[PDB]
């Protein structure tokens, strides 16, 4: 019948555009009280409570948590989705290129969870989901630093899963393959084709498809015994 997500308060980092917006949108049409953090809050999602925050700044995220708790109530769900790339071959990557992705994609994830966690423990309820990636698990050329971080979140989620279990709090990861967002839609046609040919399903995925995987893991009904897991959504691109 129903996923136990009605009136549940959920925070999505990076939820203004792209995959994050898609997660926000779907959770809304499941009856959740969704909030999102980002650098801009346009959206155009009206009913969503956008909060300008920066995952690399812990004060910024703790403030957003306070604002969200105050307006919507105690938080059940967190989707750590905000991430960036600084793509280049290993010897062309500067310390700045490492500092940037490590801050948003690794540190920023923990800073996105840290302001909601103690409360989740008190309420003995909560579902945490980090995003990504096929590059994190398989590896990717030019993404030696992106990959380190997307493989890093999987390790963070597995340990967090083992810590949170005594409170009935779950942590999992979704590892998307190549997904049609505005970013990947601007990549050269000849590169899109080379990649699409690697995918047995013969297409990139859609954002609403990642949203569904996140929803499944957030549902206290559909995945109550799922924790520490990586859910691959890649059309058999990586198996």
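Positions refer to the first chain, counted from 1.
The deposited model assigns a higher average Cα B-factor to 180-188 than to the other stretch when 29-37 and 180-188 are compared.
Looking at mean Cα B-factors across 209-217 and 51-59, the upper value is held by 51-59. Note on 93, 72, 113, 82: the highest value goes to 72, judged by CA B factor as recorded.
Per the PDB record, residue ranking by Cα B-factor puts residue 13 in the middle third of the chain. In this PDB entry, residue 152 carries a Cα temperature factor that places it within the lowest third of its chain's modelled residues. Among all modelled residues in its chain, residue 239 ranks in the middle third by Cα B-factor. Split the chain's modelled residues into thirds by C-alpha temperature factor. Residue 195 is in the highest one.
Looking at the C-alpha B-factors along this chain, the one for residue 121 belongs to the highest third.
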